[PDB]
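Trainee: Submitted below is the structure of interest, expressed as structure tokens.
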Amino acid sequence: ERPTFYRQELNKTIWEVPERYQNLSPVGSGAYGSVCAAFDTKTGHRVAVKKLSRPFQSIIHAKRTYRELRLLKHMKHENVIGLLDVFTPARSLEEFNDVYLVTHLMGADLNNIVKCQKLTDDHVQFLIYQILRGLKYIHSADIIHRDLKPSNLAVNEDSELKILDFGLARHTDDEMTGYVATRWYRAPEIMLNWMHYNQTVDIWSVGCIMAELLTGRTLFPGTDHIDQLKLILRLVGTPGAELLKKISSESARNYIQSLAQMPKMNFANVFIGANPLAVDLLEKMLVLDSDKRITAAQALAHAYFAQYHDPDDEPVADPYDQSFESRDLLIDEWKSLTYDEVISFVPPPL
Amino acid sequence: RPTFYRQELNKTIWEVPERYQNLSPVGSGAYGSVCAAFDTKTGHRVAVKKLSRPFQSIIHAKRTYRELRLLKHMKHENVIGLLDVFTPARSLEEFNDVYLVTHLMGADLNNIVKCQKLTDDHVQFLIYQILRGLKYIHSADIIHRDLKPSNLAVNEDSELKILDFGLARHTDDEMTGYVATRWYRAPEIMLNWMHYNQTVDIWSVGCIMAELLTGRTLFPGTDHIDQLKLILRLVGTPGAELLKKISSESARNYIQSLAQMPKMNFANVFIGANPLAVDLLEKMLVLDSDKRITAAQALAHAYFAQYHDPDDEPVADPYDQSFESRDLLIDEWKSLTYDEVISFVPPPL
Ligand SMILES: Nc1ncnc2c1ncn2[C@@H]1O[C@H](COP(=O)(O)OP(=O)(O)OP(=O)(O)O)[C@@H](O)[C@H]1O
Ligand SMILES: O=S(=O)(Nc1ccc2[nH]c(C3CCC3)nc2c1)c1ccccc1
Ligand SMILES: O=S(=O)(Nc1ccc2[nH]c(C3CCC3)nc2c1)c1ccccc1
């Protein structure tokens with residue numbers, strides 16, 4: 001109802017948490033936020049507790065904390081990371097500095113499952129079903145992930161999959177660390193900064209992921225922008241004139257025009273032995289033109305997922321109000337907005 | 001190697017030999033789905049279990065091998081036994097699905113309570129058979145861990161079998177199956193007190209035994225916290241002997257923060273009952289796992305004086321579980337599993 005807090009020192013810093021959380025171990029893989037695992041005595045599960053670092057050091061930082069928290073609260077779906085709890089040890093807005101996020105301590109990512117395993121077709125079919133089911137939900141709330149990669153996908157011992165860590169990298173030129181292996185799953189139209197772009201950028205990534213799971217190899221492992229785009233045009237072929245007109249950027253259009261012609265390969269030969277339905281689906285996902293690329297909803301209806309597909313068990317998100325975006329507030333307003341979200345948090349029904 | 005046919009029930013693909021006809025989903029199973037069917041060769045209703053995603057993880061791979069080794073070893077009248085185990089794959093390369101076949105039972109113990117009112121003499125017969133089966137299971141160094149009315153079942157002859165063992169994985173709290181559903185689990189597992197011995201199974205048998213003697217369930221709990229209240233209302237708060245046995249110091253905080261309540265005499269609870277029944281329950285529903293009676297000792301209790309024959313309450317052959325210490329890859333677990341499918345010999349007649 002109104003928990004009692006207890007204090008302790010872990011990461012060379014004080015951790016003041018509800019006493020329901022116990023045995024806090026700093027099993028942390030990442031900075032810009034410190035995380036511990038703990039035993040939640042109420043639910044009787046193991047959890048991850050993330051203490052946000054310097055959440056309100058800046059307007060940019062105050063705005064990012066509010067954006068992150070608003071989204072995390074909104075996302076209630078089996079195939080999407082959810083918030084078990086959010087709390088502050090502060091009893092007042094006057095005394096408010098720390099924000100803590102609690103989620104399920106999720107298992108290994110998708111890479112750790114797929115070393116060079118070609119993965120059985122039934123296995124890939126279940127995994128990609130779940131990503132798409134999750135994307136349908138996320139896209140329905142007018143959100144685009146944009147960084148979707150195997151390390152953003154947690155998987156159970158039962159192959160139940162959740163989508164993690166949505167887009168913090170808004171638009172190419174932003175917080176892009178690792179410019180080697182990150183770009184392997186990124187849609188061309190955002191790599192090359194065309195105007196032509198929609199939610200199906202995530203679908204390109206799903207295509208790359210699915211291909212990897214079937215083949216056991218990264219599909220487009222490029223050493224840089226140039227080698228990346230070269231590997232891509234080798235498989236899908238160079239843009240038709242329909243696509244060239246829809247591009248607005250002149251540097252973008254003339255750059256592509258320079259590239260020598262390349263035919264769209266036959267995917268059945270590239271993915272030899274593979275389920276014909278899978279190959280057909282790959283062909284609908286790995287397309288250059290965003291207007292032509294298959295959406296999450298449509299992919300879900302693809303025959304490849306016949307066994308799993310049930311439109312009544314593929315929910316959409318409630319409408320998500322993003323009007324706080326492009327608003328001009330001081331850092332205190334942003335802080336107070338964040339406080340309200342912490343204070344009014346209700347756990348999801350169990 | 002017979003002919004297979006394909007089919008879809010419950011968002012899964014079923015590829016079974018032609019001899020199994022008229023499949024139909026009859027509820028769920030432990031890491032699988034179970035369909036009733038008619039065997040054309042023997043003219044017998046059979047249950048067919050499709051293992052769920054047997055080799056998609058190391059944990060599933062091992063749980064699959066464990067389950068199959070177990071069912072292959074179990075040969076007792078009060079325990080489920082394999083009639084058949086098959087795969088559609090004709091090579092280890094192609095081996096992805098595993099199917100288990102057993103006799104189709106008449107009804108579980110939820111649909112016998114529903115059915116008719118249990119005369120004390122019938123309860124004795126049913127509980128005798130559960131214990132007889134437990135003695136066998138326990139003699140192979142196996143704990144069931146999740147014994148409940150849905151995991152017990154009866155023929156037309158009131159011949160009872162134990163179904164669906166527990167998967168040996170600490171997986172405490174978090175359930176290696178479905179979310180929510182307790183009632184028959186002993187407290188020492190719910191709170192992780194100390195070293196749980198085979199008598200945790202006995203705690204379940206008592207709860208079942210009571211629910212048979214009296215229409216209502218013994219500990220109808222809402223959540224973990226509630227369940228404990230219910231359990232302590234009847235049993236009474238732990239003693240200083242137990243407090244010392246409980247190695248978890250976190251658990252101490254909770255117990256000593258609760259209100260102390262003395263032990264109820266079971267006559268008052270189970271009014272009108274057979275005194276031997278009450279007396280047996282006392283020994284089953286004790287809180288200390290050291291003094292809790294065993295399956296073997298329970299069979300000897302005077303309550304079963306009509307049924308007890310020591311020369312016909314057998315134990316299992318030596319079961320080798322040295323695999324349990326091994327850490328392998330999926331294809332190693334799979335390969336070992338494949339060897340077990342291929343080797344399998346159906347029981348005579
Ligand atoms: N004055 C500031 N107030 C608040 N946040 C700031 C400020 N300056 C930078 N930041 C935030 O921190 C980022 C830069 O921090 P940076 O990682 O360079 O620091 P550091 O690694 O701790 O220091 P250094 O690299 O000098 O050892 C900016 O992108 C912004 O998000
Ligand atoms: O921890 S994550 O697994 N990965 C991650 C990667 C980059 C991140 N950048 C930030 C912002 C700095 C404070 C918030 N959080 C980040 C977290 C994670 C888990 C759940 C949701 C989101 C992220
Ligand atoms: O032990 S099983 O995991 N489960 C099981 C077994 C027999 C059953 N017979 C019935 C009848 C339908 C109502 C009673 N259910 C049953 C459930 C199992 C099933 C198949 C092969 C191996 C193990």
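How things are named: the first chain in the structure tokens is A, the next is B, and so on; residues count from 1 in each chain; ligands count from 1 in the order shown.
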Report as a PyMOL selection string which protein, DNA and RNA residues come within 7 Å of ligand 2, using only C-alpha atoms and all ligand atoms.
Mentor: chain A and resi 30+32-33+52-53+65+81+164-166+168
Trainee: Give me the chain A side of the contact with chain B, cut-off 6 Å, one line per residue showing its nearest atom pair and distance in Å at one decimal, counting only C-alpha atoms, sorted by chain and residue number, as a Markdown table.
Mentor:
```
| residue | atom | partner | partner_atom | distance |
| --- | --- | --- | --- | --- |
| A:44 | CA | B:173 | CA | 5.9 |
| A:157 | CA | B:57 | CA | 5.6 |
| A:307 | CA | B:11 | CA | 5.1 |
| A:308 | CA | B:11 | CA | 5.7 |
```
Trainee: The selected residues should be written to file as a short mmCIF file (atom, residue, chain, number, x, y, z; two decimals), in the first residue's frame (atoms: N, CA, C and O atoms).
Mentor:
```
data_model
loop_
_atom_site.label_atom_id
_atom_site.label_comp_id
_atom_site.auth_asym_id
_atom_site.auth_seq_id
_atom_site.Cartn_x
_atom_site.Cartn_y
_atom_site.Cartn_z
N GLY A 44 7.40 -12.89 -5.81
CA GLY A 44 8.24 -14.07 -5.69
C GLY A 44 9.02 -14.36 -6.98
O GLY A 44 9.34 -15.52 -7.24
N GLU A 157 13.60 -19.91 -22.05
CA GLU A 157 13.79 -21.34 -22.22
C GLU A 157 12.63 -21.96 -23.00
O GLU A 157 12.78 -23.06 -23.52
N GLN A 307 -0.21 -21.59 -38.65
CA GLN A 307 -0.37 -22.35 -37.42
C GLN A 307 -0.64 -21.43 -36.23
O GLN A 307 -1.41 -21.80 -35.34
N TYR A 308 -0.03 -20.24 -36.22
CA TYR A 308 -0.02 -19.36 -35.06
C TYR A 308 -1.03 -18.23 -35.17
O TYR A 308 -1.48 -17.68 -34.16
#
```
Trainee: Mind listing the strand (DSSP E or B) residues of stretch 16-141 of chain A, per DSSP on the backbone, as a PyMOL selection string?
Mentor: chain A and resi 16-18+21-25+34-40+45-51+80+85-87+100-104+109
Trainee: Could those selected residues go to a file with N, CA, C and O atoms, as a compact mmCIF listing (two decimals), in the first residue's frame?
Mentor:
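The result, stored in part15.txt:
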```txt
# COMPACT_ATOMS: atom_id res chain seq x y z
N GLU A 16 18.16 3.13 -2.40
CA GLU A 16 17.04 3.19 -1.48
C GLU A 16 15.83 2.59 -2.19
O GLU A 16 15.25 3.24 -3.06
N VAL A 17 15.47 1.36 -1.84
CA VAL A 17 14.42 0.63 -2.55
C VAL A 17 13.38 0.16 -1.55
O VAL A 17 13.67 -0.01 -0.37
N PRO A 18 12.12 -0.08 -1.99
CA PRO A 18 11.15 -0.82 -1.17
C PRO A 18 11.70 -2.16 -0.68
O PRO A 18 12.43 -2.85 -1.40
N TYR A 21 11.97 -5.66 -2.34
CA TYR A 21 13.12 -6.05 -3.16
C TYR A 21 14.29 -6.38 -2.25
O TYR A 21 14.64 -5.58 -1.39
N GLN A 22 14.88 -7.57 -2.44
CA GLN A 22 15.85 -8.13 -1.51
C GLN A 22 16.95 -8.86 -2.29
O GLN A 22 16.73 -9.32 -3.41
N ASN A 23 18.15 -8.95 -1.69
CA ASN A 23 19.31 -9.62 -2.27
C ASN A 23 19.78 -8.91 -3.54
O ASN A 23 20.02 -9.57 -4.55
N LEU A 24 19.94 -7.59 -3.48
CA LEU A 24 20.28 -6.81 -4.67
C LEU A 24 21.72 -7.09 -5.10
O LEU A 24 22.66 -6.77 -4.37
N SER A 25 21.88 -7.69 -6.29
CA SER A 25 23.18 -7.98 -6.88
C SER A 25 23.39 -7.09 -8.10
O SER A 25 22.55 -7.06 -8.99
N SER A 34 22.40 2.34 -13.99
CA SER A 34 22.97 1.19 -13.30
C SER A 34 21.84 0.26 -12.87
O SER A 34 20.80 0.72 -12.41
N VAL A 35 22.05 -1.05 -13.02
CA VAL A 35 21.00 -2.02 -12.77
C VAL A 35 21.51 -3.08 -11.80
O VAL A 35 22.68 -3.42 -11.79
N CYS A 36 20.60 -3.54 -10.94
CA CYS A 36 20.83 -4.67 -10.06
C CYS A 36 19.71 -5.69 -10.29
O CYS A 36 18.62 -5.32 -10.73
N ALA A 37 20.00 -6.95 -9.97
CA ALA A 37 18.99 -7.99 -9.89
C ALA A 37 18.58 -8.12 -8.43
O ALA A 37 19.39 -7.85 -7.55
N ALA A 38 17.34 -8.53 -8.18
CA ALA A 38 16.86 -8.70 -6.82
C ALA A 38 15.73 -9.73 -6.77
O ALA A 38 15.22 -10.15 -7.81
N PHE A 39 15.37 -10.12 -5.55
CA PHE A 39 14.25 -11.01 -5.31
C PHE A 39 13.08 -10.19 -4.77
O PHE A 39 13.16 -9.61 -3.69
N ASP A 40 11.99 -10.14 -5.55
CA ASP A 40 10.78 -9.44 -5.18
C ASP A 40 9.90 -10.37 -4.35
O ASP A 40 9.32 -11.31 -4.89
N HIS A 45 9.32 -13.32 -7.75
CA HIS A 45 10.15 -13.44 -8.95
C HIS A 45 11.49 -12.74 -8.73
O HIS A 45 11.65 -11.99 -7.78
N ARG A 46 12.43 -13.01 -9.63
CA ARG A 46 13.66 -12.25 -9.72
C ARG A 46 13.44 -11.09 -10.69
O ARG A 46 12.80 -11.27 -11.72
N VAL A 47 13.97 -9.91 -10.35
CA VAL A 47 13.71 -8.70 -11.11
C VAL A 47 15.01 -7.95 -11.36
O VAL A 47 16.01 -8.18 -10.70
N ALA A 48 14.94 -7.03 -12.34
CA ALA A 48 16.00 -6.07 -12.60
C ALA A 48 15.54 -4.70 -12.11
O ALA A 48 14.46 -4.24 -12.47
N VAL A 49 16.38 -4.06 -11.31
CA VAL A 49 16.10 -2.73 -10.79
C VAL A 49 17.10 -1.75 -11.40
O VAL A 49 18.29 -1.86 -11.15
N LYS A 50 16.61 -0.82 -12.23
CA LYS A 50 17.48 0.15 -12.87
C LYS A 50 17.35 1.51 -12.19
O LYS A 50 16.27 2.10 -12.21
N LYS A 51 18.45 2.02 -11.63
CA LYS A 51 18.51 3.38 -11.13
C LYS A 51 18.98 4.29 -12.25
O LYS A 51 20.11 4.18 -12.69
N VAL A 80 6.43 -7.61 -25.54
CA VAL A 80 7.07 -6.32 -25.39
C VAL A 80 7.44 -6.16 -23.92
O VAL A 80 6.60 -6.42 -23.05
N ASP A 85 7.28 -2.06 -11.96
CA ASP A 85 7.19 -1.02 -10.95
C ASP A 85 8.04 0.18 -11.38
O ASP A 85 8.96 0.05 -12.17
N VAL A 86 7.69 1.34 -10.85
CA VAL A 86 8.56 2.51 -10.88
C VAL A 86 8.38 3.21 -9.54
O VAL A 86 7.26 3.33 -9.05
N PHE A 87 9.48 3.67 -8.93
CA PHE A 87 9.41 4.29 -7.62
C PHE A 87 10.51 5.34 -7.45
O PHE A 87 11.53 5.32 -8.15
N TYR A 100 13.65 4.95 -10.15
CA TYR A 100 14.05 3.56 -10.29
C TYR A 100 13.02 2.81 -11.15
O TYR A 100 11.82 2.96 -10.94
N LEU A 101 13.51 1.99 -12.09
CA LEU A 101 12.64 1.18 -12.93
C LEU A 101 12.80 -0.28 -12.53
O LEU A 101 13.92 -0.75 -12.37
N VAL A 102 11.69 -1.00 -12.38
CA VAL A 102 11.75 -2.44 -12.14
C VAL A 102 11.11 -3.15 -13.33
O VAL A 102 10.01 -2.78 -13.74
N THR A 103 11.81 -4.17 -13.85
CA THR A 103 11.26 -5.04 -14.87
C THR A 103 11.62 -6.49 -14.53
O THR A 103 12.35 -6.72 -13.57
N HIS A 104 11.10 -7.44 -15.31
CA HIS A 104 11.50 -8.84 -15.20
C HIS A 104 12.97 -8.95 -15.60
O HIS A 104 13.39 -8.35 -16.59
N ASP A 109 19.76 -12.81 -24.90
CA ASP A 109 19.25 -12.21 -26.12
C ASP A 109 19.24 -13.27 -27.23
O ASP A 109 19.44 -14.45 -26.96
```
Trainee: Name the residues, by chain letter and number, that sit within 10 Å of ligand 1 using only C-alpha atoms and all ligand atoms, and give them as a PyMOL selection string.
Mentor: chain A and resi 32+54-62+64+174-175
Trainee: Within 12 Å of residue A:272, counting only C-alpha atoms, which residues show up once you throw out same-chain ones fewer than 6 positions away? Write them as a list in words, please.
Mentor: residues 118, 211, 214, 215, 266, 278 and 279 of chain A
Trainee: Can those selected residues be exported to a file as an mmCIF file, in the first residue's frame so that it contains C-alpha atoms?
Mentor:
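This went into part-v7.cif:
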```cif
data_model
loop_
_atom_site.group_PDB
_atom_site.id
_atom_site.type_symbol
_atom_site.label_atom_id
_atom_site.label_comp_id
_atom_site.auth_asym_id
_atom_site.auth_seq_id
_atom_site.Cartn_x
_atom_site.Cartn_y
_atom_site.Cartn_z
ATOM 1 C CA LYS A 118 20.427 -22.609 -38.788
ATOM 2 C CA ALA A 211 17.424 -14.547 -42.755
ATOM 3 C CA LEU A 214 17.529 -19.567 -41.297
ATOM 4 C CA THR A 215 21.060 -19.371 -42.755
ATOM 5 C CA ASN A 266 16.135 -15.083 -56.709
ATOM 6 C CA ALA A 278 9.579 -18.261 -45.664
ATOM 7 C CA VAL A 279 11.367 -17.274 -48.891
#
```
Trainee: May I have the residues within 10 Å of ligand 3, computed using only C-alpha atoms and all ligand atoms, as number ranges by chain?
Mentor: B: 25-36, 45-51, 67-68, 71-72, 79-85, 99-109, 111, 150-155, 161-165
Trainee: Quick one: residues within 12 Å of residue B:215, only C-alpha atoms, excluding same-chain residues fewer than 6 positions away - as a list in words?
Mentor: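 After dropping sequence-adjacent residues, the list is residues 109, 110, 112, 113, 114, 115, 116, 117, 118, 119, 207, 208, 209 and 270 of chain B.
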Trainee: Go ahead and dump the residues you just picked, N, CA and C atoms, as a PDB file, in the first residue's frame.
Mentor:
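Saved file part-v4.pdb follows:
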```
ATOM      1  N   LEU B 109      -9.171 -37.077 -10.364  1.00  0.00           N
ATOM      2  CA  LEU B 109      -9.796 -37.021  -9.047  1.00  0.00           C
ATOM      3  C   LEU B 109     -10.564 -35.718  -8.819  1.00  0.00           C
ATOM      4  N   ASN B 110     -10.589 -34.818  -9.809  1.00  0.00           N
ATOM      5  CA  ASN B 110     -11.487 -33.674  -9.763  1.00  0.00           C
ATOM      6  C   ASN B 110     -12.877 -34.108 -10.219  1.00  0.00           C
ATOM      7  N   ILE B 112     -14.117 -37.193  -9.969  1.00  0.00           N
ATOM      8  CA  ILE B 112     -14.675 -38.260  -9.153  1.00  0.00           C
ATOM      9  C   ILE B 112     -15.372 -37.629  -7.948  1.00  0.00           C
ATOM     10  N   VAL B 113     -14.806 -36.527  -7.428  1.00  0.00           N
ATOM     11  CA  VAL B 113     -15.435 -35.741  -6.374  1.00  0.00           C
ATOM     12  C   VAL B 113     -16.753 -35.172  -6.901  1.00  0.00           C
ATOM     13  N   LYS B 114     -16.687 -34.565  -8.092  1.00  0.00           N
ATOM     14  CA  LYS B 114     -17.866 -34.134  -8.827  1.00  0.00           C
ATOM     15  C   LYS B 114     -18.860 -35.290  -8.944  1.00  0.00           C
ATOM     16  N   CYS B 115     -18.367 -36.454  -9.388  1.00  0.00           N
ATOM     17  CA  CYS B 115     -19.210 -37.592  -9.726  1.00  0.00           C
ATOM     18  C   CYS B 115     -20.074 -38.017  -8.538  1.00  0.00           C
ATOM     19  N   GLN B 116     -19.436 -38.574  -7.500  1.00  0.00           N
ATOM     20  CA  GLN B 116     -20.143 -39.254  -6.425  1.00  0.00           C
ATOM     21  C   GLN B 116     -19.435 -38.976  -5.099  1.00  0.00           C
ATOM     22  N   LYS B 117     -20.122 -39.282  -3.989  1.00  0.00           N
ATOM     23  CA  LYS B 117     -19.618 -39.021  -2.650  1.00  0.00           C
ATOM     24  C   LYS B 117     -18.780 -40.214  -2.192  1.00  0.00           C
ATOM     25  N   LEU B 118     -17.607 -39.927  -1.611  1.00  0.00           N
ATOM     26  CA  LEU B 118     -16.595 -40.942  -1.363  1.00  0.00           C
ATOM     27  C   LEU B 118     -16.830 -41.602  -0.006  1.00  0.00           C
ATOM     28  N   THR B 119     -17.287 -42.861  -0.042  1.00  0.00           N
ATOM     29  CA  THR B 119     -17.342 -43.698   1.143  1.00  0.00           C
ATOM     30  C   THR B 119     -15.912 -43.967   1.603  1.00  0.00           C
ATOM     31  N   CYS B 207      -3.364 -33.666   1.707  1.00  0.00           N
ATOM     32  CA  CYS B 207      -4.270 -32.633   1.233  1.00  0.00           C
ATOM     33  C   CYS B 207      -5.335 -33.240   0.329  1.00  0.00           C
ATOM     34  N   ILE B 208      -4.904 -34.166  -0.530  1.00  0.00           N
ATOM     35  CA  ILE B 208      -5.803 -34.881  -1.418  1.00  0.00           C
ATOM     36  C   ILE B 208      -6.713 -35.774  -0.577  1.00  0.00           C
ATOM     37  N   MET B 209      -6.115 -36.501   0.373  1.00  0.00           N
ATOM     38  CA  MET B 209      -6.855 -37.443   1.194  1.00  0.00           C
ATOM     39  C   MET B 209      -7.986 -36.727   1.935  1.00  0.00           C
ATOM     40  N   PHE B 270     -11.892 -32.604  11.230  1.00  0.00           N
ATOM     41  CA  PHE B 270     -12.441 -33.696  10.443  1.00  0.00           C
ATOM     42  C   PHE B 270     -13.469 -34.450  11.279  1.00  0.00           C
TER      43      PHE B 270
END
```
